[PDB]
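Shown here is one chain on its own, the form deposited in one PDB entry, set out as C-alpha cells.
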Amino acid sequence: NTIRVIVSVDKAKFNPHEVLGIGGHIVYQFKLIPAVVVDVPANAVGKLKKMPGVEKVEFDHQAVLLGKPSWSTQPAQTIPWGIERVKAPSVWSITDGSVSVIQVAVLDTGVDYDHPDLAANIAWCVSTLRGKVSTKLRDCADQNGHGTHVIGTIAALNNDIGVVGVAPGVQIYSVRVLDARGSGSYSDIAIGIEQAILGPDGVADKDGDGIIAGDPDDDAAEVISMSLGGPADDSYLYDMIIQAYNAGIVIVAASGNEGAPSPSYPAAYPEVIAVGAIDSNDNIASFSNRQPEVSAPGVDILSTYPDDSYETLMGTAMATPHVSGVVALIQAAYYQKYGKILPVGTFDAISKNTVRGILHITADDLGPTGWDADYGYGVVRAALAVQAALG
C-alpha cells in the first residue's frame, strides 16, 4: 500500500500538495531542518525523486532499545551500585541537578509518569510515535518499562523509597520514540530530537538571542539521551543531530549490545557521546560494542520500572543515563556558579573547557593506559568532573 520516507527539500521549490497529489500523506514537516516525513504509494517514489524541490529521498530505518532484563529490593531507598561507581552522591550538596534552566530529554519507550520515585522530576512528556506528536499522557506512558528504568538511573528522587538517580533533582523530558516492544522508527526519533530542542513551548529560540541550551528564557533541553541504536546513517537524522549539537545540547547514546567493533547509530556520530557498559568488577561487558567514547555501569542495574515498581536491567542502554546524569550535574554546577553552561566539545577534547573534555580527563582510566577500544576514555566520575568544571 504506502511506504514512509523522508525527503530533504529546497523549501522555495517544494510543494507538499504535490505529494498529496500522488496519493501520499504529509506526516511531519520538521521545524528545524528542511525535511518532511511523508507516506507515498510504492509506485510514487520515482515521482517523489523528480518532484521540484526534492533534494534527497531517504527510507525510514529502525532502531531498537538497548536494555534487557538482567534477571527486587527492600522498602527503604537503595543506592544502585552504578550510582556510587560514577561518584555521584558526594556532588549533591553542590547540586543534584535542580538548577531551573537544566532539563534532560530522554528519548525512549515513554515513562511511568506518576511513579512515586520519578513523578516530581517529570517536567514534560511527549510521544512522537508514527510521526503524530502527542502530549496526551495516555500516549506518553511507558508500555515497555525500558524508558522508565533509564529515566530512574538519571533522576530517581533522593528520598526514603525506591532508588536514586545520578542527578536526583534534575528535570526530565520524556520523549517517547519507541513502541511497546522497544522498536522505533528513525523518523520518530528525529521528530523526538526536534521536540527536545523545541521543548514544551514548541519554539526553539523564543527571544531570538541565538542561545538555546542554557538560556533560562527558553525551555530547550541541555542533554538528549538515546538508549537505542540502529544500523543506518541517514542524512536527515544527522542533520537533526547537528541542530541539537549547534543548540549547545550534549547528546549521549548507547554504543550497542552486539560486541560489534564499533558503536551503532546515533552513537557513532562525531557529535554524540557513545557509551559502553562495565560490570560491577570494572570489566567491560562482552556485549558492549567497542570503540565507545566513555563507559559506565551497565550490568545488574536496579532502577524504577512501571507500574510504581523496580527492576534490574542490563545493556549499554543502562550505561548511557549514568553519563547523561553526570553531564546534567556538570552543566547544573557550571551554570549555578557562572550563569552559563559549558560548550559540548568534541570526541577527542582533552581540556576542562568543554563538557566532553571534562568527561574524558576525569574518567577513571581502566584496562590499557589512555583511551582504549573497550572502555573509551574510561568510566565517568561525577565528583571529579564537577571539581574540574568549577576549578
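Throughout, we count residues from 1 along the sequence that is shown.
In what follows, reference is made to the form solved in complex with a partner chain, a form of this protein that is not presented.
K.L.:
Please tell me whether the candidate spot formed by 181, 231 and 256 is one where all three residues come within 4.5 Å of its partner chain in the deposited complex (heavy atoms).
P.N.:
Verified in the deposited complex; spot residues all in contact, yes.
K.L.:
Out of 236, 245, 124, 92, which one falls within 4.5 Å of its partner chain in the deposited complex, going by heavy atoms?
P.N.:
Going through each option in turn, the one that passes is 236.
K.L.:
Considering non-hydrogen atoms and a 4.5 Å limit, which listed residue (295, 148, 227, 288) is close to its partner chain in the deposited complex?
P.N.:
Flagged contact: 227.
K.L.:
Heavy atoms within 4.5 Å of its partner chain in the deposited complex: does residue 144 have any?
P.N.:
Contact with its partner chain, yes.
K.L.:
Evaluate residue 130 for contact with its partner chain in the deposited complex, applying a 4.5 angstroms cut-off between non-hydrogen atoms, and reply yes or no.
P.N.:
The answer is yes: residue 130 has a heavy atom within 4.5 Å of its partner chain.
K.L.:
Is there a heavy atom of residue 185 lying 4.5 Å or less from a heavy atom of its partner chain in the deposited complex?
P.N.:
Yes.
K.L.:
So, residue 106 and its partner chain: in the deposited complex, are they within 4.5 Å at any heavy atom pair?
P.N.:
Although its partner chain is absent here, residue 106 would stay clear of it in the deposited complex, with no heavy atoms inside 4.5 Å.
K.L.:
Please pick out the stretch from 189 to 197, 78 to 86, 96 to 104, 151 to 159 that is in contact with its partner chain in the deposited complex, where contact means heavy atoms within 4.5 Å.
P.N.:
Looking at the other structure, the answer is 189 to 197.
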